[PDB]
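Here's the letter readout for the chains.
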Amino acid sequence: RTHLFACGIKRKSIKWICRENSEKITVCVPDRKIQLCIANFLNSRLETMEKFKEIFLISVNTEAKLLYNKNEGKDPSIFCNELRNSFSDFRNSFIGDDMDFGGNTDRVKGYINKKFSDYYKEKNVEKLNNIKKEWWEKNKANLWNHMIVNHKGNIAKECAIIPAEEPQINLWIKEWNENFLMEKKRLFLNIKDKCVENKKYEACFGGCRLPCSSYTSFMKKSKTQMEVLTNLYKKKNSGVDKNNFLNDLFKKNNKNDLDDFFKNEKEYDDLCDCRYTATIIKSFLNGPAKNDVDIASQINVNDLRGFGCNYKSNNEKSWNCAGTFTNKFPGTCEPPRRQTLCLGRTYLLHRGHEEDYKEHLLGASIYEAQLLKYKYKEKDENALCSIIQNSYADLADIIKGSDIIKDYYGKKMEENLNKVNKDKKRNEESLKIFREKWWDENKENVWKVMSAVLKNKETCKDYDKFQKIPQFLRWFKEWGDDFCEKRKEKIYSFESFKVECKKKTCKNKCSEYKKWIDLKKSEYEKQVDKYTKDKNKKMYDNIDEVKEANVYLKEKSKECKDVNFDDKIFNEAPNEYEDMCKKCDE
Ligand SMILES: CC(=O)N[C@H]1[C@H]([C@H](O)[C@H](O)CO)O[C@@](O)(C(=O)O)C[C@@H]1O
Ligand SMILES: CC(=O)N[C@H]1[C@H]([C@H](O)[C@H](O)CO)O[C@@](O)(C(=O)O)C[C@@H]1O
């Protein structure tokens, strides 16, 4: 026990630590090497050579015990490999061939070198190295035999044979490989177990996403680690892959080079990619949808409703001018489009993972664009364009947190981005700037996917400059173009109806129109008020082509290009139909 305590219990978890030595050279040492039993050398004065021989026998024999206890419950092949890899480190480290440093690795190295400088009375480093190599050659047999003396019956007969002498890195690359593949299995098994086939959108929930992301971080670490182990082999072998050691190692696993060695297989994406978010996002940013508008328009209902959205109802909702938001922003009217802006539900927002929130926002941005395209599919490109921008701008204000509505799912969008913010300073002005910056980092991508549903993608200009326009102002225009459009429609309805009767209950058609125009009149008044009251407060000083409400509409509202704002416009019946709505006796 006196010897076992000197070393210390081994950590079952297999991990490779990567530091940089005094030569600015990055190296990756296995945890097994770090805990290599070498403390006994320090607890002994090492009086004579025979004493050194004795302590060494204890060092290796003790190493076997702790390794055995370490691998209780594991595959016996591990205990076999670790014995051989540790015995190899006892050699390599003892003959000057070592990458590991710090701690007792150098504290024992220096001591051993010093005692050997006293034993042989030789202080030449190179000479000593040879002396030690010769000593090992003549003591390696007795060391190995004594190392596995109490564990011969716990390893295969083939493992009982003394390990072949090889360079340290040659053995570390081998060991690291077995640890990599072994760990890659376990992790991927948990993926299959939790993701199944990802046909029921398992990859969109923690159950499958967590193990998938755990596998991801493992591949990232593994790659960087092997990149080092790779460079060290080349460097130690004259910058050459001598004996095609690496080239072979790659083909042994059916891979070409490092890059391909970590290239996520098609299988992974099929199980870890939320098919109603990631799959489409990739299609819009890289795949078919990116270029083909027809493909970017085709909607997948299952994925749509899986995300938490639905087709824009054929019906038309009235502009909300009596929401709770009106309390702080009186006069504002929420566009029906905004009332149904696709934000989704999902599990990505909750956790607060930057990439997950990004994956969701893009998902919503896409669906929104698709649904709009499916609704206003019969509108010109110039019109459809401004419609996409209207939502793109709303999204911006929702993220930034400058949205006027602050609806349930609206806040959820903002507040969930605050969860992504791991900063501990959480005041309004602080959380604001954070989101505002985060938007600038992704606003370009958000637009790329949304603009993918337009025949000519570069028809929409100043989409970003449009977002910088105050929300209310953007809506007041949308209301103008809307009202004017539906006005022309209702006028065409009268012309098409008047002639129908002219050849072969006018009060009814009118009555319906009388109630409509009155409703639109109040929506016009509420906004016009806010526009004037806000103008006097000097809120729109930093806005060109703005510094009368009715006038502001004409120029901007392209639809109202042939309409003036008199008192006649809000009459119970059009001027040309004023006398016609009257005399309904006919
Ligand atoms: C200093 C050094 O290089 N190795 C020593 C390690 C490490 O200090 C820590 O385990 C993590 O660094 O700890 C030991 O107590 C142990 O693992 O049994 C002894 C060993 O000699
Ligand atoms: C709350 C919100 O802004 N938009 C949501 C809307 C609104 O709840 C309704 O349209 C009523 O306003 O409903 C959805 O189910 C939908 O349109 O597919 C999801 C969408 O995210």
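Along every chain, residues receive numbers from 1 upward following the written sequence, which is not necessarily the numbering found in the entry; those without coordinates are excluded from display. Whichever chain is written first is A, and whichever ligand is written first is 1; the rest continue in order. The basis for the side-chain values is all heavy atoms of the structure; hydrogens and waters are excluded.

In the PDB header, X-ray crystallography is given as the technique by which the entry was determined, and 3.000 Å as its resolution.

Chemist: So, helix α5 (residues 103-119): which residues are in play, and what are the values?
Modeler: When the terminal C-alpha atoms of α5 are compared, their 25 Å separation across 17 residues agrees well with the 24 Å that a helix rising 1.5 Å per residue should span. Whether a residue is buried, partly exposed or exposed follows from its accessible area with a 1.4 Å probe, protein chains only, as a fraction of its type maximum: under 20%, in between, or over 50%, in that order. Elements are defined by DSSP. Helices are runs of H or I of four residues or more, strands are runs of E of two residues or more, and each kind is numbered from the N terminus. Residues of α5 that are buried: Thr105, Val108, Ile112, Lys115, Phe116, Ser117 and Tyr119. Whether two residues are in contact is decided by their heavy atoms, any of which lying within 4.5 Å being enough. Those residues of α5 that are buried are in contact with α2 (31-34), α3 (49-70), α4 (76-94) and α6 (125-147). After α5 finishes, the residue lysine 121 shows a positive phi value of roughly 55 degrees. A helix's residues, less one, multiplied by 1.5 Å, set its expected span.

Chemist: Quick one: what's the story with the environment of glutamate 197, residue by residue and with numbers?
Modeler: Within the element layout of this structure, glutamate 197 appears in the loop between α7 (168-195) and α8 (206-236). Along the sequence, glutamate 197 and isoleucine 405 sit 208 residues apart, while their C-alpha atoms lie 40 Å from each other.

Chemist: Tell me about the state of the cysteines, residues and numbers included.
Modeler: Here is the idea: a disulfide is a covalent bond, and it sits between the sulfur atoms of two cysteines. Sulfur atoms of two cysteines make up a disulfide when they are within 2.5 Å. The full count for this structure, using the stated rule, is 12 disulfides. Each disulfide pairs two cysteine sulfurs, and for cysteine 7 the partner residue is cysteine 37, the sulfurs being separated by 2.0 Å. The sign of the S-S torsion, about 55 degrees, decides the handedness of the disulfide formed by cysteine 7 and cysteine 37: right-handed. Of this pair, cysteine 7 sits in helix α1 (residues 2-7) while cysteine 37 sits in the loop between α2 and α3, placing them 30 residues apart in sequence.

Chemist: Pulling in residues and values, what's your account of the UniProt feature "domain: Duffy-antigen binding" (unreviewed entry) in the protein chain?
Modeler: UniProt positions are given in the numbering used here, feature names are shortened, and annotations may be inferred rather than shown by experiment. According to UniProt, the feature "domain: Duffy-antigen binding" (unreviewed entry) maps to residues 27-197 and 331-501 in the numbering used here. Between the end C-alpha atoms of residues 331-501 there is a gap of 41 Å, over a span that is 71% helix and 0% strand.

Chemist: I'd love a proper account of the packing of helix α18 (residues 381-400) against helix α22 (residues 471-503), names of residues and values included.
Modeler: Fitted lines through C-alpha atoms give the axes, limited to the stretch in contact for helices. The angle between two N-to-C directions lies from 0 to 180 degrees. Interaxial distance between α18 and α22 falls to 11 Å at its minimum, and their mutual angle equals 155 degrees. On the basis of their axis angle, the class for α18 and α22 is roughly antiparallel. The crossing of α18 and α22 is left-handed. Across the interface between the two elements, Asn390, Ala393, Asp394 and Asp397 of α18 pack against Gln471, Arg474, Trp475 and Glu478 of α22. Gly is put with the polar residues, along with every residue not named as nonpolar or charged; the nonpolar set is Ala, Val, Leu, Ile, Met, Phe, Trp, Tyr, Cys and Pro, and the charged set is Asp, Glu, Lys and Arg. Of the residues that constitute the contact of α18 with α22, the class distribution is 2 nonpolar, 2 polar and 4 charged. Any angle from 65 to 115 degrees is called roughly perpendicular, while one under 35 is roughly parallel, one over 145 is roughly antiparallel, and all others are oblique. By the definition used in this description, the sense in which the near helix is turned from the far one sets the handedness, with an anticlockwise turn below a right angle giving left-handed and a clockwise turn giving right-handed.

Chemist: Talk me through the domain arrangement of the protein chain; I want residue IDs and the actual numbers.
Modeler: By domain assignment, the protein chain separates into domain 1 (1-273), domain 2 (274-308) and domain 3 (309-586). Using only C-alpha atoms to locate each centre, domain 2 and domain 3 end up separated by 25 Å. Taken together, the contacts link 22 residues of domain 2 with 28 residues of domain 3. Joining two parts hides part of their accessible area as seen by a 1.4 Å probe, and the buried area is that hidden amount summed over both. Here domain 2 meets domain 3 over a buried area of about 2,100 Å², counting both sides, of which 65% is carbon and sulfur. The salt bridge definition used is simple: a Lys or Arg side-chain nitrogen within 4 Å of an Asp or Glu carboxyl oxygen. Between the two partners, domain 2 and domain 3, sit 0 salt bridges. Pairs of N or O atoms within 3.5 Å make up the polar contacts considered here, provided that, within protein, one atom can donate a hydrogen while the other can accept it, and that residues adjacent in sequence are counted only when both atoms are side-chain atoms. On the surface where domain 2 and domain 3 come into contact, there are 11 residue pairs in polar contact. When residues of the side of domain 2 that touches domain 3 are traced back to their parent elements, those giving at least two are α12 (278-285), α13 (293-297) and α14 (301-307). With 6 residues, α14 is the single largest residue contributor to the side of domain 2 that touches domain 3. Start and end points for every domain follow an automatic or database-based domain assignment.

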